[PDB]
């Protein structure tokens, strides 16, 4: 029942993207919490959240941010837990600023970075699931079933119908 994944994001405007991570964890029956933590507007909130995450029982953090996207990296600075980063698509630079400011962590403090946007959010949840599945055989079986269904559900040919 207690959360084992934390999904955090800098603002409400990130929710349109991060909701995909939430939905997938729920689908796979992974208890989690979903919070707003602003690296720039609530830096002490971030420090406290990241430094206590492990003792609160969290195993993985999924962090989403856009633009000068510092939330994943700074979270990783304060926790020993694996931190997964979702670059939120930005208006001008289409998430390239988000992507580079998350993935280009210097050696010593990792953030496992996923694709720009909704795909990245979904995949952050799947990656979290695959981490948790290493020690949780029921979840491993649910993930196997999920991946197997994804594969079996791919059609053989396109619907080539003109309109």
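Positions refer to the first chain, counted from 1.
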With B-factors read from the PDB entry, the higher C-alpha mean of 120-128 and 25-33 is in 25-33
Between the two ranges 12-20 and 151-159, the one averaging a larger CA B factor in the entry: 151-159
Taking the values straight from the PDB record, which of 138, 100, 47, 60 has the highest C-alpha temperature factor? 138
Based on the deposited C-alpha B factors for this chain, I'd like to know if residue 7 is in the lowest, middle or highest third. lowest
Chain thirds by Cα B factor, record data; residue 51 belongs to the middle
